[PDB]
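Reviewing the structure listed below.
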There are 2 protein chains.
Amino acid sequence: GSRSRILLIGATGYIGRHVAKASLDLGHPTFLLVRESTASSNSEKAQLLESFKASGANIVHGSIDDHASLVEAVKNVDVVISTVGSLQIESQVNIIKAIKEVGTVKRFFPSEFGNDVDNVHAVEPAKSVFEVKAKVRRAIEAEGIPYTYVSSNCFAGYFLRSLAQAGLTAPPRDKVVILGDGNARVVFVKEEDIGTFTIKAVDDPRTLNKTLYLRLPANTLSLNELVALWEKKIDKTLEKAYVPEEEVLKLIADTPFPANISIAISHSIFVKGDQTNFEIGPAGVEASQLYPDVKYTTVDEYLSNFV
Amino acid sequence: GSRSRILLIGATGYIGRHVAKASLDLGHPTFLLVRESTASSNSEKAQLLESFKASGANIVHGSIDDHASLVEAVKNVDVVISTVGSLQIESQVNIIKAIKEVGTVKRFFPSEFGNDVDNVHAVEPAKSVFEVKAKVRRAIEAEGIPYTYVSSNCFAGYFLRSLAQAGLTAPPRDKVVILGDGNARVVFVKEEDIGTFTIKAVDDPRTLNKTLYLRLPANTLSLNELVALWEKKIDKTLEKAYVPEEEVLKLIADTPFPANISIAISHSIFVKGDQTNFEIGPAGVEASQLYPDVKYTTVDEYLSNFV
């Protein structure tokens with residue numbers, strides 16, 4: 001179970017909890033940075049930490065708004081994996097200053113785990129959300145810090161489970177709204193799989209100073225293909241609506257915060273096809289060609305459960 | 001006579017457009033800080049700008065980030081209204097330094113137009129979102145800028161046309177999901193009316209250093225009374241589902257950005273009832289009792305267009 005000491009900053013977040021679990025499962029010494037908080041006011045969180053120290057994670061008590069707790073937690077580790085929320089994507093500049101000041105960190109993974117922000121054709125407000133991450137990448141690069149940018153694409157438990165439908169928690173059995181032509185390919189990855197491939201890249205030299213894509217073969221399809229795989233399984237036809245790009249942009253302009261960020265990320269992904277409309281260059285590498293050994297849940301597998 | 005000059009920052013945003021309209025309709029000198037009118041990109045923006053130019057507005061050049069464009073723009077006015085989207089709220093601190101240097105400005109309206117962030121019982125991530133706006137209020141107050149905070153509660157175009165169902169667009173005809181008990185009262189306001197009441201307030205001594213609340217009597221209702229009114233309109237009863245606070249909190253935790261912000265803002269409004277569960281204090285003022293003049297669109301009138 002390899003050897004390196006990993007620090008998770010933002011362990012209780014949506015993808016952070018899966019990256020933390022797999023850190024423990026491929027057997028590393030896992031450190032979790034935790035800010036002092038009132039636990040009744042932050043219940044599910046306290047309970048998630050409870051279960052991480054029960055699994056064996058080593059809690060460091062800190063904040064990225066405390067350089068002294070950051071430099072300390074960073075001295076202590078080999079790779080730093082940030083999985084913070086959108087509210088503090090820009091505050092990762094603190095983790096960089098501390099990573100710079102310490103010198104002992106072998107690899108920094110910033111909070112990415114979605115689209116590759118240097119290869120999107122996004123419209124506002126999504127265009128600005130992505131530009132905050134891109135700017136942290138240029139700051140990691142300016143410091144000379146060793147990095148891996150994980151571009152894990154679409155969370156299966158959000159987008160696949162909903163069949164890319166804005167409100168849902170289960171695949172619709174009546175109707176779907178397909179944005180654009182429905183032929184842009186997307187890739188969906190189960191969150192627990194995102195956590196495993198991320199932890200497998202930590203010490204590998206093929207992922208040093210690379211963007212790691214998760215372009216998983218069995219998991220790459222268009223919404224047309226996904227609706228058709230599910231009409232088959234549920235053995236009935238869904239009523240469909242087709243929304244062109246122009247009608248999606250009007251929707252974005254006429255929706256307030258935060259739902260306009262949702263619809264604009266969905267234009268980048270489902271209309272523009274931003275997860276699959278560019279080639280992995282010299283500075284990129286793919287997780288299935290790099291770790292062919294990992295068995296990931298396919299879209300057919302994840303969908304058969306909801307049938 | 002001599003009418004007050006209004007500069008509006010964020011004029012093409014979701015609410016800024018309705019404020020800019022009303023400044024022009026109530027005969028104020030209207031100046032709009034615009035950076036560019038992008039060649040092919042947001043031509044909706046461009047044709048919005050054009051509409052306001054044709055209607056009488058003066059386009060001032062510059063942005064929240066050119067400090068000199070801002071100083072030069074705020075010196076030539078009496079009232080400054082900011083309606084920037086959530087991604088730039090934190091940067092309105094640029095507008096505070098420019099207003100503070102100029103001395104001239106009689107009133108600053110920060111980008112509020114929602115819940116009173118100083119009377120909120122929110123959970124994360126909404127808690128953190130509400131606080132960057134609370135952080136700006138304090139800074140206005142710290143440099144002693146005259147101000148008016150517009151707490152205009154629920155936008156009818158997002159929350160009333162949907163009957164508080166996320167997924168948007170039209171009131172359901174079958175079932176409805178209600179968060180909490182459905183008795184927490186909320187105030188729905190049509191965006192046009194939010195433009196009106198904001199401008200009615202720019203000169204008033206009664207709103208000077210006050211929080212102006214839109215608790216419009218015919219529009220303040222609980223979601224259980226809303227479903228009942230609509231049920232009556234379409235002469236049919238819907239099914240209801242009540243989600244307890246424990247599962248609302250769990251869903252926020254198990255949903256990614258930005259949808260978790262959406263759910264945490266619905267928790268504040270529809271489960272905590274933060275729009276109506278406090279008393280308007282000595283530094284608050286209410287809009288319909290201040291302006292009995294404005295024949296605001298009522299919920300029944302708004303909802304009739306969906307029958």
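Labels used: A, B, ... for chains in the order of the structure tokens, numbers from 1 for residues in each chain, and numbers from 1 for ligands as shown.
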message: Only residues of chain A matter here; which ones have an atom within 8 Å of chain B, counting only C-alpha atoms? Give them as a PyMOL selection string.
response: chain A and resi 13-14+41-42+44-45+85-87+158+166-167+253-259+261-262
Among segment 117-293 of chain B, which residues does DSSP mark as alpha helix (DSSP H) when it is run on the backbone? Keep the chain and numbering as in the structure and answer as a PDB file with N, CA, C and O atoms, in the first residue's frame.
```
ATOM      1  N   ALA B 126     -24.712  28.287   1.362  1.00  0.00           N
ATOM      2  CA  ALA B 126     -25.463  29.532   1.409  1.00  0.00           C
ATOM      3  C   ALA B 126     -24.961  30.462   2.479  1.00  0.00           C
ATOM      4  O   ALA B 126     -24.776  31.637   2.211  1.00  0.00           O
ATOM      5  N   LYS B 127     -24.627  29.943   3.649  1.00  0.00           N
ATOM      6  CA  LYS B 127     -24.050  30.726   4.729  1.00  0.00           C
ATOM      7  C   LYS B 127     -22.854  31.589   4.309  1.00  0.00           C
ATOM      8  O   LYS B 127     -22.794  32.798   4.571  1.00  0.00           O
ATOM      9  N   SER B 128     -21.927  30.962   3.567  1.00  0.00           N
ATOM     10  CA  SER B 128     -20.754  31.659   3.078  1.00  0.00           C
ATOM     11  C   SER B 128     -21.102  32.642   1.987  1.00  0.00           C
ATOM     12  O   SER B 128     -20.537  33.730   1.950  1.00  0.00           O
ATOM     13  N   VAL B 129     -22.020  32.290   1.095  1.00  0.00           N
ATOM     14  CA  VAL B 129     -22.494  33.189   0.045  1.00  0.00           C
ATOM     15  C   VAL B 129     -23.140  34.424   0.651  1.00  0.00           C
ATOM     16  O   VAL B 129     -22.808  35.539   0.277  1.00  0.00           O
ATOM     17  N   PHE B 130     -24.041  34.251   1.618  1.00  0.00           N
ATOM     18  CA  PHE B 130     -24.715  35.368   2.266  1.00  0.00           C
ATOM     19  C   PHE B 130     -23.753  36.318   2.939  1.00  0.00           C
ATOM     20  O   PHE B 130     -23.919  37.537   2.855  1.00  0.00           O
ATOM     21  N   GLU B 131     -22.674  35.753   3.497  1.00  0.00           N
ATOM     22  CA  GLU B 131     -21.626  36.542   4.151  1.00  0.00           C
ATOM     23  C   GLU B 131     -20.682  37.365   3.292  1.00  0.00           C
ATOM     24  O   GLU B 131     -20.092  38.289   3.841  1.00  0.00           O
ATOM     25  N   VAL B 132     -20.466  37.131   1.990  1.00  0.00           N
ATOM     26  CA  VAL B 132     -19.630  38.058   1.242  1.00  0.00           C
ATOM     27  C   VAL B 132     -20.412  39.370   1.027  1.00  0.00           C
ATOM     28  O   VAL B 132     -19.805  40.432   0.951  1.00  0.00           O
ATOM     29  N   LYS B 133     -21.757  39.301   0.934  1.00  0.00           N
ATOM     30  CA  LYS B 133     -22.627  40.453   0.864  1.00  0.00           C
ATOM     31  C   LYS B 133     -22.636  41.081   2.251  1.00  0.00           C
ATOM     32  O   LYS B 133     -22.604  42.307   2.305  1.00  0.00           O
ATOM     33  N   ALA B 134     -22.659  40.342   3.382  1.00  0.00           N
ATOM     34  CA  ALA B 134     -22.635  40.965   4.710  1.00  0.00           C
ATOM     35  C   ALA B 134     -21.326  41.676   4.978  1.00  0.00           C
ATOM     36  O   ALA B 134     -21.310  42.689   5.675  1.00  0.00           O
ATOM     37  N   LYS B 135     -20.245  41.151   4.384  1.00  0.00           N
ATOM     38  CA  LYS B 135     -18.905  41.705   4.468  1.00  0.00           C
ATOM     39  C   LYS B 135     -18.770  43.051   3.778  1.00  0.00           C
ATOM     40  O   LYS B 135     -17.976  43.884   4.226  1.00  0.00           O
ATOM     41  N   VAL B 136     -19.521  43.241   2.680  1.00  0.00           N
ATOM     42  CA  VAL B 136     -19.557  44.496   1.932  1.00  0.00           C
ATOM     43  C   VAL B 136     -20.363  45.546   2.680  1.00  0.00           C
ATOM     44  O   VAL B 136     -19.928  46.691   2.696  1.00  0.00           O
ATOM     45  N   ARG B 137     -21.511  45.191   3.282  1.00  0.00           N
ATOM     46  CA  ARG B 137     -22.340  46.057   4.117  1.00  0.00           C
ATOM     47  C   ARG B 137     -21.528  46.718   5.221  1.00  0.00           C
ATOM     48  O   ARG B 137     -21.541  47.938   5.399  1.00  0.00           O
ATOM     49  N   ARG B 138     -20.759  45.902   5.933  1.00  0.00           N
ATOM     50  CA  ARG B 138     -19.902  46.363   7.012  1.00  0.00           C
ATOM     51  C   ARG B 138     -18.871  47.375   6.590  1.00  0.00           C
ATOM     52  O   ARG B 138     -18.606  48.306   7.341  1.00  0.00           O
ATOM     53  N   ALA B 139     -18.315  47.158   5.380  1.00  0.00           N
ATOM     54  CA  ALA B 139     -17.294  48.019   4.775  1.00  0.00           C
ATOM     55  C   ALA B 139     -17.839  49.359   4.318  1.00  0.00           C
ATOM     56  O   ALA B 139     -17.146  50.365   4.398  1.00  0.00           O
ATOM     57  N   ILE B 140     -19.078  49.377   3.829  1.00  0.00           N
ATOM     58  CA  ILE B 140     -19.812  50.605   3.521  1.00  0.00           C
ATOM     59  C   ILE B 140     -19.933  51.412   4.811  1.00  0.00           C
ATOM     60  O   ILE B 140     -19.515  52.563   4.862  1.00  0.00           O
ATOM     61  N   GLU B 141     -20.449  50.731   5.838  1.00  0.00           N
ATOM     62  CA  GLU B 141     -20.653  51.269   7.166  1.00  0.00           C
ATOM     63  C   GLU B 141     -19.353  51.732   7.798  1.00  0.00           C
ATOM     64  O   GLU B 141     -19.337  52.814   8.392  1.00  0.00           O
ATOM     65  N   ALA B 142     -18.266  50.947   7.670  1.00  0.00           N
ATOM     66  CA  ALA B 142     -16.929  51.303   8.170  1.00  0.00           C
ATOM     67  C   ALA B 142     -16.350  52.599   7.616  1.00  0.00           C
ATOM     68  O   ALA B 142     -15.751  53.384   8.346  1.00  0.00           O
ATOM     69  N   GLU B 191     -39.713  41.206 -10.886  1.00  0.00           N
ATOM     70  CA  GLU B 191     -38.476  41.943 -11.107  1.00  0.00           C
ATOM     71  C   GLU B 191     -38.612  43.386 -11.540  1.00  0.00           C
ATOM     72  O   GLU B 191     -37.791  44.239 -11.214  1.00  0.00           O
ATOM     73  N   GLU B 192     -39.696  43.680 -12.235  1.00  0.00           N
ATOM     74  CA  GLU B 192     -40.031  45.004 -12.694  1.00  0.00           C
ATOM     75  C   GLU B 192     -40.337  45.881 -11.517  1.00  0.00           C
ATOM     76  O   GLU B 192     -39.894  47.023 -11.453  1.00  0.00           O
ATOM     77  N   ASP B 193     -41.085  45.315 -10.571  1.00  0.00           N
ATOM     78  CA  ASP B 193     -41.455  45.993  -9.319  1.00  0.00           C
ATOM     79  C   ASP B 193     -40.264  46.231  -8.419  1.00  0.00           C
ATOM     80  O   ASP B 193     -40.270  47.240  -7.720  1.00  0.00           O
ATOM     81  N   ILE B 194     -39.258  45.314  -8.417  1.00  0.00           N
ATOM     82  CA  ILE B 194     -38.008  45.428  -7.649  1.00  0.00           C
ATOM     83  C   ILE B 194     -37.263  46.602  -8.278  1.00  0.00           C
ATOM     84  O   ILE B 194     -36.695  47.389  -7.528  1.00  0.00           O
ATOM     85  N   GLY B 195     -37.244  46.773  -9.609  1.00  0.00           N
ATOM     86  CA  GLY B 195     -36.638  47.944 -10.242  1.00  0.00           C
ATOM     87  C   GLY B 195     -37.266  49.260  -9.750  1.00  0.00           C
ATOM     88  O   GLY B 195     -36.574  50.186  -9.304  1.00  0.00           O
ATOM     89  N   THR B 196     -38.599  49.345  -9.817  1.00  0.00           N
ATOM     90  CA  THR B 196     -39.390  50.482  -9.330  1.00  0.00           C
ATOM     91  C   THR B 196     -39.126  50.938  -7.894  1.00  0.00           C
ATOM     92  O   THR B 196     -38.664  52.057  -7.674  1.00  0.00           O
ATOM     93  N   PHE B 197     -39.415  50.059  -6.918  1.00  0.00           N
ATOM     94  CA  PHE B 197     -39.185  50.301  -5.505  1.00  0.00           C
ATOM     95  C   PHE B 197     -37.759  50.663  -5.128  1.00  0.00           C
ATOM     96  O   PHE B 197     -37.559  51.401  -4.170  1.00  0.00           O
ATOM     97  N   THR B 198     -36.749  50.127  -5.828  1.00  0.00           N
ATOM     98  CA  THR B 198     -35.336  50.497  -5.647  1.00  0.00           C
ATOM     99  C   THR B 198     -35.113  51.988  -5.981  1.00  0.00           C
ATOM    100  O   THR B 198     -34.429  52.729  -5.279  1.00  0.00           O
ATOM    101  N   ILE B 199     -35.662  52.443  -7.114  1.00  0.00           N
ATOM    102  CA  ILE B 199     -35.464  53.817  -7.564  1.00  0.00           C
ATOM    103  C   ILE B 199     -36.327  54.798  -6.774  1.00  0.00           C
ATOM    104  O   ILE B 199     -35.920  55.930  -6.522  1.00  0.00           O
ATOM    105  N   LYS B 200     -37.507  54.379  -6.326  1.00  0.00           N
ATOM    106  CA  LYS B 200     -38.335  55.194  -5.462  1.00  0.00           C
ATOM    107  C   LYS B 200     -37.572  55.577  -4.201  1.00  0.00           C
ATOM    108  O   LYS B 200     -37.697  56.695  -3.690  1.00  0.00           O
ATOM    109  N   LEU B 223     -45.611  28.553   1.224  1.00  0.00           N
ATOM    110  CA  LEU B 223     -45.741  27.654   0.086  1.00  0.00           C
ATOM    111  C   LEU B 223     -47.006  26.812   0.158  1.00  0.00           C
ATOM    112  O   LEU B 223     -47.549  26.474  -0.888  1.00  0.00           O
ATOM    113  N   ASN B 224     -47.531  26.484   1.349  1.00  0.00           N
ATOM    114  CA  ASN B 224     -48.820  25.792   1.477  1.00  0.00           C
ATOM    115  C   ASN B 224     -50.009  26.632   1.037  1.00  0.00           C
ATOM    116  O   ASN B 224     -50.997  26.091   0.542  1.00  0.00           O
ATOM    117  N   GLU B 225     -49.941  27.954   1.270  1.00  0.00           N
ATOM    118  CA  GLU B 225     -50.960  28.875   0.804  1.00  0.00           C
ATOM    119  C   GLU B 225     -50.803  29.126  -0.684  1.00  0.00           C
ATOM    120  O   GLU B 225     -51.811  29.317  -1.362  1.00  0.00           O
ATOM    121  N   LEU B 226     -49.561  29.069  -1.216  1.00  0.00           N
ATOM    122  CA  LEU B 226     -49.270  29.219  -2.649  1.00  0.00           C
ATOM    123  C   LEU B 226     -49.809  28.101  -3.521  1.00  0.00           C
ATOM    124  O   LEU B 226     -50.365  28.323  -4.596  1.00  0.00           O
ATOM    125  N   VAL B 227     -49.599  26.882  -3.062  1.00  0.00           N
ATOM    126  CA  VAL B 227     -50.115  25.692  -3.714  1.00  0.00           C
ATOM    127  C   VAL B 227     -51.637  25.774  -3.675  1.00  0.00           C
ATOM    128  O   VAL B 227     -52.266  25.608  -4.716  1.00  0.00           O
ATOM    129  N   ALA B 228     -52.230  26.141  -2.522  1.00  0.00           N
ATOM    130  CA  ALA B 228     -53.676  26.259  -2.357  1.00  0.00           C
ATOM    131  C   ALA B 228     -54.224  27.309  -3.315  1.00  0.00           C
ATOM    132  O   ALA B 228     -55.170  27.009  -4.024  1.00  0.00           O
ATOM    133  N   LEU B 229     -53.637  28.504  -3.417  1.00  0.00           N
ATOM    134  CA  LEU B 229     -54.096  29.520  -4.354  1.00  0.00           C
ATOM    135  C   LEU B 229     -54.012  28.979  -5.771  1.00  0.00           C
ATOM    136  O   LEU B 229     -54.998  29.065  -6.500  1.00  0.00           O
ATOM    137  N   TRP B 230     -52.882  28.374  -6.179  1.00  0.00           N
ATOM    138  CA  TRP B 230     -52.793  27.865  -7.535  1.00  0.00           C
ATOM    139  C   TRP B 230     -53.727  26.706  -7.852  1.00  0.00           C
ATOM    140  O   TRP B 230     -54.285  26.672  -8.955  1.00  0.00           O
ATOM    141  N   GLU B 231     -53.919  25.802  -6.866  1.00  0.00           N
ATOM    142  CA  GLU B 231     -54.868  24.695  -6.950  1.00  0.00           C
ATOM    143  C   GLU B 231     -56.277  25.142  -7.327  1.00  0.00           C
ATOM    144  O   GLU B 231     -56.958  24.518  -8.144  1.00  0.00           O
ATOM    145  N   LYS B 232     -56.662  26.263  -6.698  1.00  0.00           N
ATOM    146  CA  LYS B 232     -57.931  26.942  -6.872  1.00  0.00           C
ATOM    147  C   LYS B 232     -58.052  27.552  -8.256  1.00  0.00           C
ATOM    148  O   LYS B 232     -59.137  27.480  -8.826  1.00  0.00           O
ATOM    149  N   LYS B 233     -56.954  28.125  -8.793  1.00  0.00           N
ATOM    150  CA  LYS B 233     -56.878  28.738 -10.125  1.00  0.00           C
ATOM    151  C   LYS B 233     -57.123  27.754 -11.263  1.00  0.00           C
ATOM    152  O   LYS B 233     -57.831  28.061 -12.227  1.00  0.00           O
ATOM    153  N   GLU B 245     -36.140  19.004   7.593  1.00  0.00           N
ATOM    154  CA  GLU B 245     -34.858  19.679   7.566  1.00  0.00           C
ATOM    155  C   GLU B 245     -33.643  18.751   7.535  1.00  0.00           C
ATOM    156  O   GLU B 245     -32.645  19.123   6.924  1.00  0.00           O
ATOM    157  N   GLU B 246     -33.727  17.538   8.110  1.00  0.00           N
ATOM    158  CA  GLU B 246     -32.631  16.580   8.200  1.00  0.00           C
ATOM    159  C   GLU B 246     -32.238  16.072   6.834  1.00  0.00           C
ATOM    160  O   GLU B 246     -31.062  15.849   6.562  1.00  0.00           O
ATOM    161  N   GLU B 247     -33.230  15.851   5.974  1.00  0.00           N
ATOM    162  CA  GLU B 247     -32.981  15.351   4.631  1.00  0.00           C
ATOM    163  C   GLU B 247     -32.683  16.492   3.684  1.00  0.00           C
ATOM    164  O   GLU B 247     -32.156  16.244   2.603  1.00  0.00           O
ATOM    165  N   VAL B 248     -33.008  17.744   4.048  1.00  0.00           N
ATOM    166  CA  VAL B 248     -32.661  18.870   3.206  1.00  0.00           C
ATOM    167  C   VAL B 248     -31.168  19.059   3.388  1.00  0.00           C
ATOM    168  O   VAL B 248     -30.438  19.186   2.412  1.00  0.00           O
ATOM    169  N   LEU B 249     -30.692  18.998   4.628  1.00  0.00           N
ATOM    170  CA  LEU B 249     -29.289  19.142   4.956  1.00  0.00           C
ATOM    171  C   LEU B 249     -28.373  18.077   4.375  1.00  0.00           C
ATOM    172  O   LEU B 249     -27.240  18.337   3.963  1.00  0.00           O
ATOM    173  N   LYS B 250     -28.914  16.867   4.341  1.00  0.00           N
ATOM    174  CA  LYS B 250     -28.281  15.693   3.791  1.00  0.00           C
ATOM    175  C   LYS B 250     -28.161  15.824   2.275  1.00  0.00           C
ATOM    176  O   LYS B 250     -27.139  15.498   1.677  1.00  0.00           O
ATOM    177  N   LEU B 251     -29.188  16.349   1.619  1.00  0.00           N
ATOM    178  CA  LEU B 251     -29.170  16.536   0.194  1.00  0.00           C
ATOM    179  C   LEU B 251     -28.149  17.584  -0.203  1.00  0.00           C
ATOM    180  O   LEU B 251     -27.412  17.343  -1.150  1.00  0.00           O
ATOM    181  N   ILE B 252     -28.037  18.713   0.511  1.00  0.00           N
ATOM    182  CA  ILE B 252     -27.020  19.748   0.282  1.00  0.00           C
ATOM    183  C   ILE B 252     -25.625  19.115   0.302  1.00  0.00           C
ATOM    184  O   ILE B 252     -24.819  19.298  -0.613  1.00  0.00           O
ATOM    185  N   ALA B 253     -25.371  18.317   1.352  1.00  0.00           N
ATOM    186  CA  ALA B 253     -24.116  17.607   1.553  1.00  0.00           C
ATOM    187  C   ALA B 253     -23.802  16.600   0.457  1.00  0.00           C
ATOM    188  O   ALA B 253     -22.639  16.326   0.157  1.00  0.00           O
ATOM    189  N   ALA B 259     -25.292  23.235  -7.504  1.00  0.00           N
ATOM    190  CA  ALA B 259     -26.613  22.841  -7.055  1.00  0.00           C
ATOM    191  C   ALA B 259     -26.777  22.793  -5.547  1.00  0.00           C
ATOM    192  O   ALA B 259     -27.875  23.018  -5.048  1.00  0.00           O
ATOM    193  N   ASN B 260     -25.681  22.581  -4.807  1.00  0.00           N
ATOM    194  CA  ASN B 260     -25.738  22.606  -3.362  1.00  0.00           C
ATOM    195  C   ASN B 260     -25.982  24.021  -2.863  1.00  0.00           C
ATOM    196  O   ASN B 260     -26.574  24.166  -1.794  1.00  0.00           O
ATOM    197  N   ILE B 261     -25.578  25.068  -3.616  1.00  0.00           N
ATOM    198  CA  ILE B 261     -25.831  26.455  -3.205  1.00  0.00           C
ATOM    199  C   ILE B 261     -27.303  26.744  -3.358  1.00  0.00           C
ATOM    200  O   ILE B 261     -27.881  27.342  -2.456  1.00  0.00           O
ATOM    201  N   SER B 262     -27.888  26.267  -4.463  1.00  0.00           N
ATOM    202  CA  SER B 262     -29.306  26.365  -4.729  1.00  0.00           C
ATOM    203  C   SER B 262     -30.150  25.803  -3.605  1.00  0.00           C
ATOM    204  O   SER B 262     -31.034  26.498  -3.107  1.00  0.00           O
ATOM    205  N   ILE B 263     -29.899  24.543  -3.223  1.00  0.00           N
ATOM    206  CA  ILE B 263     -30.631  23.894  -2.148  1.00  0.00           C
ATOM    207  C   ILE B 263     -30.420  24.615  -0.812  1.00  0.00           C
ATOM    208  O   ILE B 263     -31.411  24.850  -0.111  1.00  0.00           O
ATOM    209  N   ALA B 264     -29.197  25.081  -0.466  1.00  0.00           N
ATOM    210  CA  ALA B 264     -28.968  25.779   0.798  1.00  0.00           C
ATOM    211  C   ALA B 264     -29.636  27.153   0.924  1.00  0.00           C
ATOM    212  O   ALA B 264     -30.056  27.566   2.009  1.00  0.00           O
ATOM    213  N   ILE B 265     -29.745  27.875  -0.207  1.00  0.00           N
ATOM    214  CA  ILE B 265     -30.588  29.079  -0.307  1.00  0.00           C
ATOM    215  C   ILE B 265     -32.083  28.678  -0.178  1.00  0.00           C
ATOM    216  O   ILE B 265     -32.792  29.315   0.593  1.00  0.00           O
ATOM    217  N   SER B 266     -32.665  27.662  -0.828  1.00  0.00           N
ATOM    218  CA  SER B 266     -34.036  27.221  -0.541  1.00  0.00           C
ATOM    219  C   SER B 266     -34.276  26.791   0.918  1.00  0.00           C
ATOM    220  O   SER B 266     -35.389  26.932   1.424  1.00  0.00           O
ATOM    221  N   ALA B 287     -41.155  48.593   1.772  1.00  0.00           N
ATOM    222  CA  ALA B 287     -41.518  49.279   0.537  1.00  0.00           C
ATOM    223  C   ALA B 287     -42.992  49.562   0.221  1.00  0.00           C
ATOM    224  O   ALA B 287     -43.272  50.673  -0.215  1.00  0.00           O
ATOM    225  N   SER B 288     -43.969  48.664   0.407  1.00  0.00           N
ATOM    226  CA  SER B 288     -45.334  48.980   0.054  1.00  0.00           C
ATOM    227  C   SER B 288     -45.945  50.017   0.982  1.00  0.00           C
ATOM    228  O   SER B 288     -46.800  50.800   0.570  1.00  0.00           O
ATOM    229  N   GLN B 289     -45.506  50.059   2.242  1.00  0.00           N
ATOM    230  CA  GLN B 289     -46.031  51.038   3.173  1.00  0.00           C
ATOM    231  C   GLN B 289     -45.261  52.329   3.008  1.00  0.00           C
ATOM    232  O   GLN B 289     -45.752  53.390   3.385  1.00  0.00           O
ATOM    233  N   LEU B 290     -44.071  52.298   2.408  1.00  0.00           N
ATOM    234  CA  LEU B 290     -43.346  53.514   2.075  1.00  0.00           C
ATOM    235  C   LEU B 290     -43.884  54.109   0.771  1.00  0.00           C
ATOM    236  O   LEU B 290     -44.072  55.320   0.635  1.00  0.00           O
TER     237      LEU B 290
END
```
query: Looking only at the backbone, which of the residues in segment 193-270 of chain A does DSSP tag as strand (DSSP E or B), as JSON, numbers by chain?
result: {"A": [210, 211, 212, 213, 220, 221, 222, 239, 240, 241, 242, 243]}
Contact residues around residue 184 of chain B with only C-alpha atoms at 9 Å, ignoring same-chain residues under 4 positions, as a PyMOL selection string: chain B and resi 180+221-224+269-277
field: Distance query residue 108 of chain A at most 7 Å, only C-alpha atoms, self and fewer than 5 positions along chain excluded, as a PyMOL selection string
entry: chain A and resi 79-81+146-148
message: Report, in Å to a single decimal, how far apart atom CA of residue 150 of chain B and atom CA of residue 25 of chain B are.
response: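 Atom CA of residue 150 of chain B lies at a distance of 19.1 Å from atom CA of residue 25 of chain B.
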- request: Please measure the separation of atom CA of residue 72 of chain B and atom CA of residue 211 of chain B, giving the value in Å to one decimal.
  value: 27.8 Å
